[PDB]
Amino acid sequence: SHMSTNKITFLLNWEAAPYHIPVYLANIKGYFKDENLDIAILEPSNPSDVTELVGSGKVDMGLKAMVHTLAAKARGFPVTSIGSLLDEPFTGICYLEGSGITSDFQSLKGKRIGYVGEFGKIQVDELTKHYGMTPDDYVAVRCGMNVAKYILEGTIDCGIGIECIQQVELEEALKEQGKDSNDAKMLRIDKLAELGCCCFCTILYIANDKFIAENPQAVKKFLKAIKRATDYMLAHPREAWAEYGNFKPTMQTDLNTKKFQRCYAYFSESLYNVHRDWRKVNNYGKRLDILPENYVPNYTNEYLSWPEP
């Protein structure tokens, strides 16, 4: 046979990024150790791997956005959100002024539109019918984690991204070229779809259902440690950020520092799943035909051990 391992696998939604600070900081400051937890932090090379891995139990826990978490279980990969990390970050179609793309959705006709994995394309395809268009009126291009990079390189004309990550990259890159950073703009997806929030892109703590049912204390203790790191980071951002970069030097760049400052306001303080946000995205998912008509949102706040705000 084999020896047992207490290492709990935690798979990020993305390559290591500024908003992952509470996870790494919880490890770095020994908060996991203090809860007698050993967390193996893993980074995906492809974000589209993440929900199948967690859902199948090949990975115990991780992060993903809300729309992905919903779809994972509708697709037969039983994950559950046990908490929130990054709340409603502004999400949209990022573009550069002077490329012919304007605030009119119709300006996207015939454009190459980058998306990350799969769901971004589904979303844009659905939007088209709301603006006298069809999914053939543009070319969707799968870009993984390089949407902003490929916009800058000219290989796509615009692309789906988050304001505090992708738009910051564009802004900083414009500046470096001696261009106006305000040329970096975004058609908000929540505006286009008329939603009211970008809650569909709230980044959540998720876990496999069986892992939850079999390690209820580990889950609760994991969230205590995250909460402690989150409290610390929010009260001492500069010092926490420096701690994070000392461990992951990529975070020590000016570019990631700018991103972190933009991420800062979006961090969930309480880690709570916001009920109204889940209801609204659930309905959005059904509208997108990726969730069945009577689908129940897959989240819980029961492993959080402090008052709901």
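Numbers follow the displayed sequence, beginning with 1.
When the C-alpha B-factors of 143-151 and 180-188 are averaged, 180-188 comes out higher. A summary of the deposited B-factors shows that, of 47-55 and 268-276, the stretch with the larger mean C-alpha value is 268-276. When the C-alpha B factors of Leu204, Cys164, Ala229, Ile101 are read from the deposited coordinates, the top value falls at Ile101.
The entry assigns its greatest Cα B factor, within the set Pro237, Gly117, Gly159, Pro216, to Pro216. In the deposited entry, the Cα temperature factor of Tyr138 places it in the lowest third of its chain's modelled residues. The entry lists a Cα temperature factor for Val79 that places it in the middle third of the chain's modelled residues.
For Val296, the recorded CA temperature factor ranks within the highest third of the chain's modelled residues. Among the modelled residues of its chain, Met66 has a C-alpha B-factor that falls in the lowest third, as given in the PDB entry. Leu86 sits in the lowest third of its chain by CA B factor, as recorded in the PDB entry.
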